RNA sequence: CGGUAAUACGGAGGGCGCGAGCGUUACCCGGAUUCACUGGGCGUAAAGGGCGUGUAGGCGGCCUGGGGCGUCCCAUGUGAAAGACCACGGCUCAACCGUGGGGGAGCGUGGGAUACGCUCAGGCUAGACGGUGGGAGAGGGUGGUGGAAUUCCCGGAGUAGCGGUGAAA
RNA sequence: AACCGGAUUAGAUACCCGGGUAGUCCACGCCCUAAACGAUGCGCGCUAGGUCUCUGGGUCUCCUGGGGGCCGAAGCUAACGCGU
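Put into structure tokens, the structure is as follows:
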């Protein structure tokens, strides 16, 4: 069936990037879309777009890396080095605005779902609202 | 004058002995074999030759390496048709890497050009005669194109990177950019400037190599004939 | 560590560390991410249940709408004093003391938000199940039947041994 | 298995030889253990390939399912290894 659609997505992304795929699908949900636009806006993915594959909605995610590196092993640096689910269906996680974590002296980000909607941590700090600590990236 | 020359018979080569990293540089799998897209061969060939120019004119050094049957002799030509060093017989471990120390063998080779024609030409305990003058053999055999290399090269040109992977790994360790004629065995990713072609067809090797040496001279004036290399073709 | 050259025992010289103390023993936290929530693991190191069926329990796909229980925000009440913390001060300093300030989860009250989780009401077909057609199989249960071989009984024929072991008995 | 003999051996409650009861076989009811081993719990998604093979389907040099094996990308592991 699938137990965590979001966590699965972060993974699909995680997995694709380490073999340096140019693209991945992930079956489509509006909540998935909302997370994607953050990655997109915050510079981790080139972007997503909707497609229908074998007749059903997916989101084609376009990944984004670094320049071919110098010595032995020229594999590019990852743009997404670390994407990680936090609030799993087993143990749901909620920070209030006072407890919103700052991922990696700011160089990171924490997608975080609120009643004002899906937000980065700074977005949500600024809007002054906590919620379900979704995951974190950097 | 390229275009159809390669399409002579020097497009596609190896079959289902591949490396899926090469999926890009392939057109189709006709009659069981892999057939490589030439449009893409050119796309790369320019960029690759354009590399050659920019460092040829700057007066660089390319180290040529070919050791397959089908290369070998065609390397000691075009390389020498360029004053550029070559490895032909067998890639010695640490040629780029232990260089200083492998060089000590050249330091000690040309001590024999000296005693070739010297007062030491028909004398000394004459069992030493042959052994010393058959020591130069091993020496002349392997370090033919290598004696010229007096400093680490600025590039290496390879004809089979999965055959010559030991050389390549040495390159990249030293950041020496890797240029290579390479087909569907080889892993592109560790070939910097790629000539996706045919590691085997003796024709192909020449069509490409000779023409690449041409730019090495064109970048210093005075190109000539179709060049002293048409093989024992039959 | 000690068995005749002991920087490890006992002593002396010297040196190190503390100092009106210095050691010892007991106990608590630490280091110990060595019960791991933060923060661990299970092929061979300790660690996958002998295998299933499915009870309670945990967990739940895509879309929409209602409710606002989880969750989040604002206000407000409570959070005694002492203590801890920051300042300034009073005993010649300090220990001790005084005055003032600052927070805070948690819970109550009123208001508000609805992305996620919950719930209610509809939808959908990618999960699951089913329909029709086709397939391989020492999967199980019951009855039945076949040839080879061993042992025994009966007959023919035939004679001094067979058997067994490293060799024998 | 046991036990009764014969050997072997310094001894030989053994290994070898000759016998031999329970048992192994069946019916019914118990027992519930094991190196009950892939020493690897179940399910689902994702992440190069090559090769051998069992069993389907298809346009039948190949493709496409479901099994059984080996080598091996990325990665993992203390290592050995594991690696659709």
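Residue numbers (the UniProt record's numbering), protein chains in the order written: chain A, 1 to 138; chain B, 7 to 240. Where is the CB? At the ideal position from N, CA and C, for every residue including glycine.
Item to check | Proximal residues of chain A, C-beta to C-beta of residue 195 of chain B below 8 Å | outcome: The sequence position of residue 195 of chain B within the second chain is 189, counting from 1. Per Cβ cutoff of 8 Å: 74 and 75.
Checklist entry - Is it true that the CB of residue 44 of chain B sits closer than 8 Å to the CB of residue 20 of chain B? => result Residue 20 of chain B sits at position 14 when you count from the first residue of the second chain. Residue 44 of chain B sits at position 38 when you count from the first residue of the second chain. Contact flag unset, no.
Checklist entry - Helix, strand or coil: how does DSSP classify residue 59 of chain B here? => result The residue labelled residue 59 of chain B in the question sits at position 53 within the second chain. Helix.
Checklist entry - Are residue 106 of chain A and residue 136 of chain A close, meaning C-beta to C-beta below 8 Å? => result To locate residue 106 of chain A, count along the first chain from 1; it is residue 106. To locate residue 136 of chain A, count along the first chain from 1; it is residue 136. Not a contact, by the Cβ cut-off of 8 Å.
Item to check | Collapsed DSSP secondary structure at residue 46 of chain B in the structure displayed | outcome: Here residue 46 of chain B corresponds to residue number 40 of the second chain, with the count starting at 1. Helix.
Next on the checklist: Rounding to the nearest angstrom, what Cα-Cα distance links residue 46 of chain B and residue 199 of chain B in this structure?
Outcome noted: Residue mapping note: residue 46 of chain B aligns to position 40 of the second chain, counting from 1. Residue mapping note: residue 199 of chain B aligns to position 193 of the second chain, counting from 1. Going by the C-alpha atoms only, they are around 13 Å apart.
Next on the checklist: To test your reading of the DSSP string, which unbroken beta strand (DSSP E) runs of 3 or more residues are found completely within the segment 125-190 of chain B?
Outcome noted: 161-164 and 184-188
Item to check | Beta-carbon contacts of residue 222 of chain B that lie in its chain and below 8 Å, excluding the five residues immediately before and after | outcome: If you number the second chain from 1, residue 222 of chain B lands on position 216. So the list reads 58, 62, 68, 88 and 90, once near-sequence residues are dropped.
Item to check | For residue 80 of chain A and residue 27 of chain A, the rounded distance between their alpha carbons | outcome: Mapped onto the first chain, residue 27 of chain A falls at position 27. Mapped onto the first chain, residue 80 of chain A falls at position 80. Whole-angstrom Cα-Cα distance: 20 Å.
Checklist entry - Taking the alpha-carbon positions, what's the residue 225 of chain B to residue 197 of chain B distance? => result For this step, residue 225 of chain B is matched to residue 219 along the second chain. For this step, residue 197 of chain B is matched to residue 191 along the second chain. Taking the straight line from one Cα to the other gives about 24 Å.
Next on the checklist: For chain A, check one thing: does any of its Cβ atoms lie closer than 8 Å to the Cβ of residue 179 of chain B?
Outcome noted: Numbered from its first residue, the second chain carries residue 179 of chain B at position 173. At least one chain A Cβ lies under 8 Å of residue 179 of chain B.
Item to check | C-alpha distance - residue 117 of chain B paired with residue 100 of chain B, whole-angstrom precision | outcome: Looking up residue 117 of chain B in the second chain gives position 111. Looking up residue 100 of chain B in the second chain gives position 94. Whole-angstrom Cα-Cα distance: 22 Å.
Item to check | Candidates B:154, B:227 and B:42: closest to residue 204 of chain B by CA position | outcome: Your numbering for residue 204 of chain B matches position 198 in the second chain. Minimum Cα distance to residue 204 of chain B is reached at B:42.
Item to check | Cross-strand partners of residue 87 of chain A (DSSP beta bridge) | outcome: For the purposes of this step, residue 87 of chain A is identified with residue 87 of the first chain, where counting begins at 1. For residue 87 of chain A, which the question treats as bridged, DSSP gives no partner whatsoever.
Next on the checklist: Please report the straight-line C-alpha distance between residue 97 of chain A and residue 17 of chain A, rounded to a whole angstrom.
Outcome noted: For the purposes of this step, residue 97 of chain A is taken as residue 97 along the first chain, with counting starting at 1. For the purposes of this step, residue 17 of chain A is taken as residue 17 along the first chain, with counting starting at 1. Residue 97 of chain A and residue 17 of chain A: Cα-Cα distance of roughly 32 Å.
Checklist entry - Hey, how far is the Cα of residue 170 of chain B from the Cα of residue 145 of chain B? => result Reading the second chain from its first residue, position 164 is the one you call residue 170 of chain B. Reading the second chain from its first residue, position 139 is the one you call residue 145 of chain B. The alpha-carbon atoms of residue 170 of chain B and residue 145 of chain B are separated by roughly 21 Å.
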